[PDB]
Amino acid sequence: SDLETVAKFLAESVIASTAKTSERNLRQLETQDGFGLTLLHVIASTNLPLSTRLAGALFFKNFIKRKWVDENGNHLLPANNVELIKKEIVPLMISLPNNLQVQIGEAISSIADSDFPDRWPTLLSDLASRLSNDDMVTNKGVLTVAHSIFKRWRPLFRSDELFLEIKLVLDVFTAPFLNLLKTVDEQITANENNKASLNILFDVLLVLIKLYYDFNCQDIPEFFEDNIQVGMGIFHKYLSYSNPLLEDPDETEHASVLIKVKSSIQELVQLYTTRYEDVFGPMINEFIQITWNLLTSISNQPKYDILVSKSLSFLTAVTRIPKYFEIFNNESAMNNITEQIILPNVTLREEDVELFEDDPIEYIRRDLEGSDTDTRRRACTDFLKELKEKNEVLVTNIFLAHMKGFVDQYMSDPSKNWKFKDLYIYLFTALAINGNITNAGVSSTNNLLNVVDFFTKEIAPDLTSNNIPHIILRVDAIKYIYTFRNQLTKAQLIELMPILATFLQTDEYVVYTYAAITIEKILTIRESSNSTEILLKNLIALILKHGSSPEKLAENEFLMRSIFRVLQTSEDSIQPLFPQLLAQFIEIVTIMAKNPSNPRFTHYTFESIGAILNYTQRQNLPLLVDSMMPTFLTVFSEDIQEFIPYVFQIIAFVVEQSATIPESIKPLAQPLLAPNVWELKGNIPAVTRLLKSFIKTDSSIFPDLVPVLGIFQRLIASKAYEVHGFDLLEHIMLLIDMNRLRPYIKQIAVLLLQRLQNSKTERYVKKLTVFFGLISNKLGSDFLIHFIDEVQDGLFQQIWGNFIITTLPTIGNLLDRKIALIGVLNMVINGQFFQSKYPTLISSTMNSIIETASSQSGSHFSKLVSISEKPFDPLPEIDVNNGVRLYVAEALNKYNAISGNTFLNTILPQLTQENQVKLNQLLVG
Ligand SMILES: [Mg+2]
C-alpha cells in the first residue's frame, strides 16, 4: 500500500480538482524513509498511465532537488536508501520512453552533481558494462544517461582537477566508445534499407556525437588526437550522408534524426576548428567544402534552422583563421557567399510572417536576443561580422552592390516587394554594427556606412507613412531606432518620443511592444512629470488589453519590465499616482497566483511594486500595505513558491520602514519561526531579511527567543549559510536587550567558536573578526572579552592573539575593514582591563592596527533590486577610503592627551621597525 498510496496521490494530483490536497499529501508522505524508492518503483511500472508516471517522474525530479542534499552537500536521506536509489535509477532510466527518460535525466543529473565522482564509484563501470553490439536501443539508453552526466563540462572552466575527473571517465569510456562508433558506422552502411534499423542506429550515433563533444570540450586527450583520423573520418561521412529512408518532405518545422546528427556533428567540427585548429588543420578544408555544398542544397525551411546555424558557426570559426579566410578573400567568393549563403537564409520567409501574426511574442524573441539564439539571421550576422573584420571594404562593397538593387526593386512597387526593404534594413544593419551589441547599444560602427543618413533617408519615413506596405516595416524602423540609439543625436532621439508614444495606442502587438522597449531606453538616457503619468497609464492599459487570463496576461514581460523602468526613472515624481498603480499591480498578482507563468514577468511585476513602496512617503505607506496584505496572505495560505521569495522581501522592506509592525503583518512573525520554512534553499536570503526586520522593529513580538536562536544555530553552523548566521546575530546582539539575552549569550559564544575550532572558512574567520569589531564598538571591549571568555578560561587571549589580530589586515572589503579596525583599535585605547591584564597582546594588536591602518597606499532570481538593501549598517562619519587612517591617527593622539607622552613612547620599541616608521607617518599624516 506504500506504492498504492503514492500511486493514489500522484493520480489525484493530476486531477486539477485535487492538486493542492494531493501536493500537500505528497509532501507529508515525503518524510518517510523509502518515499524516494516508492516513487521510483511507481514510475518504473509499465502498467500505469503515462499521466501518472509522468506525474511521478516529475515529482521525483523536484523531490531530489530539495531533499537529496542540503546546502553543504550532505545526504539528507539514509545511506541505505541513497545507495539503493543510485543503483535503481540508472537501470530505470535506460528503459523508459524519452518523455519520462528526460525527466529522470534531470533527476540523475542532480544526483550526479553532488555525488558523481567521489560518492558514486560504480557509475562508470555499470554504464560501460551495458554497451553491447546487438542491443542498440539499450546502448542509446546507457549512452544517454552518460551524456546527461558529462554534459556538465561544457560550461565549466579549466581546473587543476577537472582534467582528473575527465581522465577518470575517459580511461573508462575511451575504447568501448570508439569501438561502438566504429560498430555503429558499419551497421549503418549495412542497413541502408531498414528504416526501423537505421533510425535506431542514428539514435545511437546522435548521442555519440554529443559525448564526443563532452570528451573534447576541455582538451583533446592523447587518445582522440592520436586517433582523430578515424573519428572525423566517420563524421566527414555522415555530414554528406543522405537517405530517402530518413527523409520526410511532408515535414516542415521539426528536424529529423539525420538532420540532428548533422547539426550536432557541425557543432563538433566548430569546436575543433576553434580549439585545436592545427591538430585539426588537415581536415578543415575537407569540411569547408561539404559544409558549403550542404548549405547550398537546403531550403528556407524551419526544419533546418539549427543545422544552418551550427554549420554557419563552423564557417565563422574558419573565417577567423587567416589561412582559410584567403579563400573567401577573392571578390567573387564574397559575391558567391552573399548570393548562395546569406541572401537566401536572411530573406524574410513566409512562415515567419505567419508567426508575426499568429504568435507575436515568439516573433519578438527571435528578433531580440538573450535566449533562443538558434536561428539563421544570427548565425549569418555573426558570420558576416567575422567576414567584414577581415576585409571591411571587400564585404561592405559587394553587399552594397546587392542592396542598391533591393532598393530600386522596392521603389518599383512598395506593396509587392517590401520584403526587400526588410532585407536591406537587415543587411545595412548587419554591415553597420561593428561589435557585440551590448545593452549599452552599439560601441562602434562601419565607417564606410552612415547610420544617421540611412536613418533620415529610409528609417524615419516609415514611422510617419500614412499607409505602409506592411507593418513589419514600422516594426523594423522601431527596431532600427532601438538598435542605433547610441549613434543618434539626443535631440534626434527626443524628437521621436511623440510619434513613438503614438504606437502605444495601436492593436499591433509587436509594434507597441517594441515601442515600449524603445521609450524605456530613451527615457533612461534623458535622465542622467506629466509625460510619465500618461506613459504608465498607457503601458498598463496595454497589459490588460489582451485579457486577464493568467497564461496570456503574464505573456508580455517586456511591457512589465518597461513599466518598472519608467518608475525607476520618475523617483517620487508621481507620488499621487502610486496607490492606483499599486492596486493594479496587486490585481495582476492576484490573477497570476492562479497560474504563475513566465517568471521574468512575475519578477518585474514585484520590482515595479517594489519601486512604488520605495518611493512612497512613510506616512502614506500604510494604505499601500492594506491593499497588498490580503493579496499576500493568500500567497502564503496556498504556498505559491513562485511568489513567496518576492513577498517576503517586500513585507520585509515594509517592516524595516515602519516604526511599528503593522497589525496585518504581526501574525506572520511566529509562523516564520517554523523550521520548515528554513529548509527551502532558495528562500533563505529573503527570509533572514524578514526575521531580521521583525527583530529590529520590535523584539517584543518574540516573547521566547529560544526558537529564534534556533534559526541562528541552524544558519551559523552551515558553511553555506555563515553569512546569514552573522547577519542575524548582528541584529540579535545589538538590538535586543541584554537582560533578555543574558541567558543565551553563553550558547552563542560556544557556537561561534565551535565553527572556529572544527569547521572554519576563510570567509568565516574574517566575518567573525568584523563581528567582533562590531561588538567591541557597540557593546564594549569589556563586554567582548567577557563574551568569548565564557566558553573557557583564557580563550579571549587565544582567539584575539591568533585569529582577530592576524586576520584584521587580511580583510579586503572596505566597510568590513573599517568596522573591524575601529573595533580592534577600540580595545587598545578604550579597554579597561585589556591594556593591563594582557601585556602580550598590546604590541601585537598595536602592530596590526598600524599595518591595517596603513594598507591603503540560486536565490538571485528572486532578488528585488528596487528594494535591494545594498547599504549595510556602518559608522557613518568615517569614509571607507579616506578618514579611516585619520581616525586612527586622531583617535590615538586624543588618547595620549590623557596620559601625556606615555603610551606612544612605551609602544614604539615593541612595534616593528617597519611599523615604527609607519606610525610616524601615520601620526603626522
Ligand atoms: Mg569585565
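Residues numbered from 1 in each chain as written, not as in the entry; some residues may be left out. Heavy atoms only, no water.

What the deposited record gives as its method is X-ray crystallography, and the resolution it gives is 3.100 Å.

Counted only if it meets this: UniProt positions are given in the numbering used here, feature names are shortened, and annotations may be inferred rather than shown by experiment.
The name the PDB entry assigns to the protein chain is Importin alpha re-exporter, from the organism Saccharomyces cerevisiae. The title attached to this entry in the PDB is "The exportin Cse1 in its cargo-free, cytoplasmic state". Taken from UniProt, the Sequence similarities comment for the protein chain reads in full: "Belongs to the XPO2/CSE1 family."

**Description of the packing of helix α3 (residues 35–44) against helix α4 (residues 50–67)**
Stated formally: Each axis is a line fitted through C-alpha atoms, taken for helices only over the stretch in contact, and angles between the N-to-C directions span 0 to 180 degrees. In this text, helices come from DSSP runs of H or I with a minimum length of four residues, and strands from runs of E with a minimum of two, each type numbered from the N-terminal end. The cut-offs work like this: below 35 degrees is roughly parallel, past 145 is roughly antiparallel, 65 to 115 is roughly perpendicular, and the gaps in between are oblique. Should the near helix be turned anticlockwise from the far one by less than a right angle, the crossing is left-handed, and should it be turned clockwise, the crossing is right-handed. The contact criterion used is simple: two residues touch if any of their non-hydrogen atoms lie within 4.5 Å. Residue type decides the class: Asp, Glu, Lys and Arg count as charged, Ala, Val, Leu, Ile, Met, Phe, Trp, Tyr, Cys and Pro as nonpolar, and the leftover types, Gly among them, as polar.
Contact geometry for α3 and α4: axes closest at 8 Å, N-to-C directions at 150°. When the axis of α3 is compared with that of α4, the two are roughly antiparallel. In the crossing of α3 with α4, the sense of the turn from one axis to the other is left-handed. Of α4, the residues touching α3 (which contributes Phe-35, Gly-36, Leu-39, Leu-40, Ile-43 and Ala-44) are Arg-53, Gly-56, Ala-57, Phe-59, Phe-60 and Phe-63. Looking at the contact of α3 with α4 residue by residue, the classes come out as nine nonpolar, two polar and one charged.

**A word on the coordination of the magnesium ion**
The test is simple: Note that water is not among the atoms used; donors are N, O and S atoms within 2.8 Å of the metal (3.2 Å for Na, K and Ca), so sites may look incomplete. Working definition: with a 1.4 Å probe on protein chains only, accessible area under 20% of the residue-type maximum means buried, over 50% means exposed, and in between means partly exposed.
Around the magnesium ion, the donor atoms from the protein are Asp-782 (OD), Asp-782 (OD) and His-786 (NE2), and they sit 1.9 to 2.5 Å away. Linking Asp-782 with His-786, this pair stays in helix α41 (residues 781–789), spanning four residues, or about one helical turn. For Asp-782, a relative accessible area of 30% puts it in the partly exposed group. The class of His-786 is exposed, set by a relative accessible area of 52%.

**Some remarks on the nonpolar core**
Basically, it comes down to this: Within this scheme, the nonpolar core is defined by two criteria: the residues are buried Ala, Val, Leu, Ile, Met, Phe, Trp, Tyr or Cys, and they are joined through side-chain atoms within 4.5 Å.
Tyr-272, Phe-694, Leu-752 and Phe-787 are the most contacted members of the largest nonpolar core, which totals 330 residues. Here this core gets 13 residues from one element, more than from any other, and that element is helix α10 (residues 195–216).

**Details of the pattern of salt bridges**
Inclusion rule: For salt bridges, the criterion is a side-chain nitrogen of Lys or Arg within 4 Å of an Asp or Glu carboxyl oxygen.
For the coordinates displayed, the defined rule picks out 32 salt bridges. Here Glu-557 ties to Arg-365 by a salt bridge, and the two come within 2.5 Å at their closest N and O atoms. On the basis of relative accessible area, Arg-365 is assigned to the partly exposed category, the value being 25%. Across the pair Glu-663 and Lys-666 runs a salt bridge, and its minimum N-O distance is 2.6 Å. Residue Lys-666 is classed as partly exposed on the basis of its relative accessible area of 26%. Here the residues in one salt-bridge network are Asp-305, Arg-349, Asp-352, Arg-366 and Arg-376, joined through shared partners.

**A look at helix α32 (residues 599–615)**
Keep this limit in mind: Working rule for helices: expected span equals 1.5 Å times residues minus one.
With 17 residues, α32 extends 25 Å from end C-alpha to end C-alpha; this agrees with the ideal 24 Å at 1.5 Å per step. Where burial is concerned, most of α32 is hidden: 13 out of the 17 residues are buried.

**A short note on α4**
Compared with an ideal rise of 1.5 Å per residue, which puts 18 residues at 26 Å, α4 spans 25 Å between its outermost C-alpha atoms and is within 8% of the ideal. Looking at the buried side of α4, the elements it contacts are α1 (2–13), α2 (19–30), α3, α5 (79–95) and α6 (98–115).

**Quick look at the packing of aromatic side chains**
The condition is simple: The criterion for an aromatic pair is that two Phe, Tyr or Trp rings (for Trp, the six-membered ring) have centres within 6.5 Å, with stacked assigned to planes under 30 degrees apart, edge-to-face to planes over 60 apart and tilted to the rest. By the criterion adopted, a ring carries a charge over it if an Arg CZ or a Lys NZ lies within 6 Å of its centre and within 35 degrees of its normal.
Per the stated rule, a full pass over the model turns up 45 aromatic pairs. On the numbers, 6.3 Å between centres and 80° between planes, the contact of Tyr-424 with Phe-454 is edge-to-face. Taken together, the residues span a long stretch of sequence, with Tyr-424 in helix α21 (residues 419–432) and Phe-454 in helix α22 (residues 451–459) at a distance of 30 residues. Looking at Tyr-424, the relative accessible area reads 2%, which means it is buried. Through successive ring pairs, a cluster of aromatic residues spans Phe-116, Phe-150, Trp-153, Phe-173, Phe-177, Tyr-212, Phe-215, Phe-223, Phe-224 and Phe-235. Here the guanidinium or amino end of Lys-8 rests over the ring plane of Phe-9, the centre of that ring lying 6.0 Å away. In this arrangement the basic side chain of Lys-837 is found over the ring face of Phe-833, its NZ or CZ atom lying 4.3 Å from the centre.

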